[PDB]
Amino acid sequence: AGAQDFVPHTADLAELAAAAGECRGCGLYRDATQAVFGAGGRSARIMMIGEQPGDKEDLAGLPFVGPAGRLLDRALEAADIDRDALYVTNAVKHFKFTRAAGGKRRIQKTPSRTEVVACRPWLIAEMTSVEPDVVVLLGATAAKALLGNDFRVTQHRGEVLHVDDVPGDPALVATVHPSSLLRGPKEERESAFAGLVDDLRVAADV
């Protein structure tokens, strides 16, 4: 099912990342430039999972390099977390997108639950490889990937979760996606930013 047969029997992240470049576990590899695997090392204590690569990531080959990534860097720095000590990845490894006439960017399209479940074997391989103490789930798609399709990020802010079907039983912390913090009225964005820093500090204190 899905990406399972494309995942090699190794925990080496370089070899996992190369294998993901050849994945056909769902249809998203066709239109994307390349797979965008996670970034960071296997000594990382904190793993962070977003939704999917965006336009910039699809061409950089690295996660969280665009506007959402700059906000996240801001939040990490405010939380006194070294981004270089984390392992950062996404629930889905190929950019799902469309373009609109007049657009200044390729527009992300939400992965279906089918695509998320298809790609999840890579996430399981990354978690097995890294053995994080805590997993930060950034946004609804990532959080649902590990916590169930009905899970609501908005109802469990600040909470340390543990689920039995997750390898290694890491602590799980689900928080707002940094893209959500990019727009809205200033006071709303500032309150939301503080809440993201709070959730990152809860994860870091596990």
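All residue numbers are counted from 1 along the displayed sequence.
Higher average CA B factor: 158-166, of the stretches 158-166 and 62-70. Stretches 88-96 and 71-79 differ in mean CA B factor, with 71-79 having the higher one. You'll see in the entry that, of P132, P111, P121, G102, the Cα B factor peaks at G102. Highest C-alpha temperature factor among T175, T33, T141, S180 per the entry: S180. Ranked within its chain, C23 lands in the lowest third, by CA B factor from the PDB record.
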